[PDB]
Amino acid sequence: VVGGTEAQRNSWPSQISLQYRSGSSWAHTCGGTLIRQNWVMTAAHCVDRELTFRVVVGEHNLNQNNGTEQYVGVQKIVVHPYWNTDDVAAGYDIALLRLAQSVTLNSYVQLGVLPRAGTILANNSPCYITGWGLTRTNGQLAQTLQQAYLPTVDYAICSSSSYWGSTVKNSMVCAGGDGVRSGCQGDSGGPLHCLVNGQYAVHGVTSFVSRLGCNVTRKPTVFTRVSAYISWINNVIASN
Ligand SMILES: *C(=O)[C@@H](CC)[C@@H](CNS(=O)(=O)c1ccc([N+](=O)[O-])cc1)C(=O)O
Ligand SMILES: [Ca+2]
């Protein structure tokens, strides 16, 4: 997250870190959202490489013991059947991960609340992106979880020629674009939490940013619209 602030320890308990095995250690590669005690929602692009993955819940500082983490392997990966790595702009950037064990819920580990199907936010709706992604374009990951206020940018504006044009679809949410605050590499897969009727709900799965850089004016961070895939999500969870 570029232009973020350090999140308080118990503010976003559904945020997870998805990590891959690297030698005798583990490396963060993407965020995700815990949606069932044994299921996490993340981006399909985060699992395009055939790596060994784990999920960490209750995480705050990636480089030190917080005394609140739980570590669990990924037993099954279900990517949206229409996902294509050659066309992230086509959409369908969503995947569900069945965990090998069910995690224990507590004040640091909670399920993410999803929006009702079909819900679309009005332009300029209040949302926060969270994650341990790069803190600058071509920078390095954050040690501590970061948050940034990124107001939505509706579809008509987001798909206009000076913003993202035809690259953005109505199956995505855009947020940000001020040239200061944004998601960045390593935030992919995580949540976009937006306040609606007094409750934060996860409306987006972080998907992409401009090839020009993370925080680029009129290139808001783009997210898979969670409310377009509620049936798919429930269908997977139920048939697995
Ligand atoms: C996500 O982090 C976005 C920017 C918000 C970037 C792409 N994702 S990534 O850099 O985390 C990533 C993770 C995993 C794979 N893979 O397994 O192939 C690829 C990329 C971005 O849009 O540049
Ligand atoms: Ca830690």
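Residues considered: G183, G177. Of these, the only one that is under 15 Å from the mean Cα position of the chain (by Cα) and either assigned by CATH to the domain that holds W39 or crowded, with 22+ Cβ neighbours inside 10 Å (or both) is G183. Within region 152-169, being within 18 Å of the chain's Cα centre (by Cα) and surrounded by fewer than 22 Cβ atoms within 10 Å (Cβ to Cβ) holds for one residue alone: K169.
From the list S227, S207, the one residue that fits, being touching a residue at least 40 places away in the same chain (Cβ under 8 Å) and farther than 15 Å from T119 by Cβ, is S207. Applying the criterion of being touching a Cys at 6+ places or on another chain (Cβ under 6 Å) and buried (at least 18 other Cβ atoms within 10 Å of the Cβ) to the residues of region 126-151, the residue that is nearest to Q70 (Cα to Cα) is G133.
As a convention, Cβ positions derive from the backbone with ideal geometry for all residues, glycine included, and neighbour counts pool all protein chains shown. The values are calculated or read from the model by the stated rules, or taken from the named source; no laboratory instrument gave them.
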